[PDB]
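Read through the structure below, which is laid out as structure tokens, and then see the notes.
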Amino acid sequence: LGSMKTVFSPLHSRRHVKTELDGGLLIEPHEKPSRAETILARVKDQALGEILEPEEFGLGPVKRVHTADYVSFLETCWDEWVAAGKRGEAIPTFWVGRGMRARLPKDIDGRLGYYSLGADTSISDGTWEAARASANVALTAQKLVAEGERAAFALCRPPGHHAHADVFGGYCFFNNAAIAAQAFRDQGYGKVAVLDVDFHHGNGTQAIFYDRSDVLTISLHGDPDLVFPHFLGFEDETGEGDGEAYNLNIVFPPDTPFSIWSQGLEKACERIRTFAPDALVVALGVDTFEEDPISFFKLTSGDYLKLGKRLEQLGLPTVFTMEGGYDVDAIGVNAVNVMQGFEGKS
Amino acid sequence: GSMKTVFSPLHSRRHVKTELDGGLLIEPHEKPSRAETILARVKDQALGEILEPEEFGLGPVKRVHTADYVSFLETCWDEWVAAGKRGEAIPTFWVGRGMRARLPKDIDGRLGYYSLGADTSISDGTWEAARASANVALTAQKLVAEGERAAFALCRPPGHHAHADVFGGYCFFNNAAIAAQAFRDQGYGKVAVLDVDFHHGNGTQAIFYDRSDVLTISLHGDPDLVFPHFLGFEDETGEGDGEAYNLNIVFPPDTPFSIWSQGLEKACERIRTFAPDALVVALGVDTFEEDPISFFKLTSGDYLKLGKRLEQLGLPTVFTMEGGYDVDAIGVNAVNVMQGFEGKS
Ligand SMILES: CN(C)c1ccc(C(=O)NCCCCCCC(=O)NO)cc1
Ligand SMILES: CN(C)c1ccc(C(=O)NCCCCCCC(=O)NO)cc1
Ligand SMILES: [K+]
Ligand SMILES: [K+]
Ligand SMILES: [K+]
Ligand SMILES: [K+]
Ligand SMILES: [Mg+2]
Ligand SMILES: [Mg+2]
Ligand SMILES: [Mg+2]
Ligand SMILES: [Zn+2]
Ligand SMILES: [Zn+2]
């Protein structure tokens, strides 16, 4: 039936790190260029709709969400790391432990730790440019929807939803979904909802809008007691200040299938309807998949068609930002199934 | 002069193969030959009697460290292996700025909650070695409490970066803090802990930060530039009843003994004003001009001068071994402090 436009960057390997700290070893990263290659190949093979490259928006709309100091650090981090004589990729070794001061130091190792929440997200040559391109992909999709499209697929790589205003991690650097939501707001959309269906909690998006009532943030995810990001995402985090009751976390345990997960989806859609937003950003991960190598939900490829159909029933202008999903064999089928389901495929 | 040394062969149970350094997993800097080389110099110089530690149990450890943290260190490795991880136990995630200081269930979450860095791998035997190292410090404290002027606790792993419930910087139990608290528990009214290791003793500072009965002083490289980065600045003077009972003295790269010893003199005057009943010296020789991870310029002969100055404080004194990573000179440097204390120049 319907068609949906996809925005992508041709340089899938602009970010091309070779190490990820995992179980005490430095392994090949889970978040690989072939993730974007495979999704794009399936977008073309299914003729989802027009494919386009991103427009350059510059750092202005990125800085509506992220701090100036953080954006500067990501641009210079690799250069400074190399200049200090380190021989691996840029990985934090030390951080602000409990009892220490949240105080920005001068040394590159100190800044790396100050600005991170994990050691599994290496930085190297090209990472800065890749983060910038991924944010432009998100902003191009947002522009397409603002200028008339019902929906658009921002094929973001690297993902974004773990990044705070000034913290990177969980393979994320710029919070593409938050940048898209803030762009809707800046363009006069009074209220925006960001719905996070990636397997992991969107802690970055929660933190960015936590004290605000004009952006509703909702995430379904695996229990942070058991999985990343561990220290946010619990159901008692409902917002702060004016943002009280405008954040909603819905947690699930291991082996949760679509029959159960979709009940949380319905609760999220009901909260969205009450909020009555003017635009919707969906932070889409397919790491809820039953074969995902780092996650523990049990969705099947066919369930993603049902997910897309239910999201379309919200009846809102919708930007999809690509987040996680690490079984590369199925990542294209799974992600494009959501878009096809949104466009009417059953 | 003579000084007794306490040493445990169980330190060898701490023998990890990997350290995250500059984005790579390398052979660790804090390796067993450090302790063995110091011990051989103790024997070579006939410094004094060499004793093995008594077992004091977890009680004196738990006077400073939380029960949950002590329990975590005992089970960490087994939980890591049972969860299917194939490397040594290394934190990957932690409580980032903006997140909740909330203890999770999963082993990765607990590892991150209890840590300040990823350069301190845990493997089999780390628990046993950390326990033996605390007993080494407590045996040295007992020797001094029962009549010795001073004693050398040849601790490995070191301790001064360990908070009540945080490990890191190669440290698990804060041996110096445990010895200090033992003095206090035995009726010594006031105790000073003087940290001459190159790095800030952030764990010792944190443990006593709100207390005026234990004065904590550290000389160290500028944390703006070096580990631990997020504590050790001169404006950290204590909290609550502890305000004015913590003193950090910071130095820049290439600082020689002629400058470092001015900071030492300031520390000694602060101790003299405090008038403690006992002194614990957290001793690192990573202030040495050839230390591979530090940037001060002390010579081996300067350690004789350091030990002489410490003896002039006239206090019952426990030395706990902390850092120092030029293994060629680590024995000469550390034993020079003890020999300078006992009167050698
Ligand atoms: C069994 N195994 C090999 C693993 C299990 C869990 C992780 C992990 O959570 N890593 C931290 C990154 C989680 C978030 C990734 C980015 C994402 O999709 N966010 O939604 C890794 C490996
Ligand atoms: C040039 N190079 C090879 C290095 C430079 C610095 C470190 C480091 O600070 N690592 C963090 C550990 C610092 C504390 C070590 C334990 C200690 O001595 N505490 O006093 C490592 C390597
Ligand atoms: K989620
Ligand atoms: K909110
Ligand atoms: K020190
Ligand atoms: K104090
Ligand atoms: Mg450094
Ligand atoms: Mg398969
Ligand atoms: Mg885990
Ligand atoms: Zn995810
Ligand atoms: Zn040191």
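For neighbour counting, all protein chains shown are included, and Cβ atoms are generated from backbone atoms with ideal geometry for every residue, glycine included. Any read-out appearing in this document is the output of simple, stated calculations on the displayed coordinates, not a laboratory observation.
So the values come out like this:
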quantity	calculated
Residue identified as among the small types (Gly, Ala, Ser), more than 14 Å from chain A (Cβ to nearest Cβ) and assigned to a helix (DSSP H, G or I) among B:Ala40, B:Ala46	B:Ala40
Output for segment B:1-26, where each listed residue is assigned to a loop (DSSP other than H, G, I, E, B) and either touching a residue at least 60 places away in the same chain (Cβ under 8 Å) or more than 14 Å from every other protein chain (Cβ to nearest Cβ) (or both)	B:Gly1, B:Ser2, B:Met3, B:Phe7, B:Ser8, B:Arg14, B:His15, B:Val16, B:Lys17, B:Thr18
Set A:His66, A:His12: member being in contact with a helix residue (DSSP H, G or I) (Cβ under 6 Å, 6 or more places away or on another chain), surrounded by 15 or more Cβ atoms within 10 Å (Cβ to Cβ) and closer than 27 Å to A:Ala119 by Cα	A:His12
Lone unmet requirement of (1) within 12 Å of chain A (Cβ to nearest Cβ); (2) surrounded by fewer than 16 Cβ atoms within 10 Å (Cβ to Cβ); (3) not in a loop (DSSP other than H, G, I, E, B) for B:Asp108	(2)
Residue within segment A:135-143 that is within 16 Å of ligand 3 (Cβ to nearest atom), touching a helix residue (DSSP H, G or I) at 6+ places or on another chain (Cβ under 9 Å) and touching a residue at least 60 places away in the same chain (Cβ under 8 Å) present	no
Within segment B:22-40, considering residues that are buried (at least 20 other Cβ atoms within 10 Å of the Cβ) and among the charged types (D, E, K, R), the one farthest from ligand 10 (Cβ to nearest atom)	B:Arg34
Leading residue by the ranking (surrounded by the fewest Cβ atoms within 10 Å (Cβ to Cβ)) among those in segment A:208-242 that are more than 9 Å from ligand 4 (Cβ to nearest atom) and small (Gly, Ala, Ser)	A:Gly241
Checking A:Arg101 against (1) in a loop (DSSP other than H, G, I, E, B); (2) more than 14 Å from chain B (Cβ to nearest Cβ); (3) surrounded by fewer than 24 Cβ atoms within 10 Å (Cβ to Cβ), the condition it does not meet	(2)
Unique residue being on the phi < 0 side of the Ramachandran plot, part of a strand (DSSP E or B) and not hydrophobic (A, V, I, L, M, F, W, C) when the list is B:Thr204, B:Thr255, B:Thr216	B:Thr216
Selection status of A:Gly160, surrounded by fewer than 22 Cβ atoms within 10 Å (Cβ to Cβ) and assigned to a loop (DSSP other than H, G, I, E, B)	no
Selection count where residues are over 13 Å from A:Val197 (Cα atoms) and in a loop (DSSP other than H, G, I, E, B), scope segment A:296-330	10
Residue pairs meeting the criteria (Cβ under 8 Å; at least 6 apart or on separate chains; first within 14 Å of another protein chain (Cβ to nearest Cβ), in segment A:265-293; second within 16 Å of ligand 9 (Cβ to nearest atom) and in a loop (DSSP other than H, G, I, E, B))	A:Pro293/A:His30; A:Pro293/A:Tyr326
Test result for B:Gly147, within 30 Å of A:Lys106 (Cα to Cα), in a loop (DSSP other than H, G, I, E, B) and either more than 14 Å from every other protein chain (Cβ to nearest Cβ) or more than 17 Å from the chain's Cα centre (by Cα) (or both)	no
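Okay, residues lined up against (1) within 16 Å of ligand 9 (Cβ to nearest atom); (2) of a type outside the set (A, V, I, L, M, F, W, C):
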| residue | (1), (2) |
| --- | --- |
| A:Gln206 | no, yes |
| A:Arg212 | no, yes |
| A:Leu216 | no, no |
| A:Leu220 | no, no |
| A:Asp223 | yes, yes |
| A:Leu232 | yes, no |
| A:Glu237 | no, yes |
| A:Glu240 | no, yes |
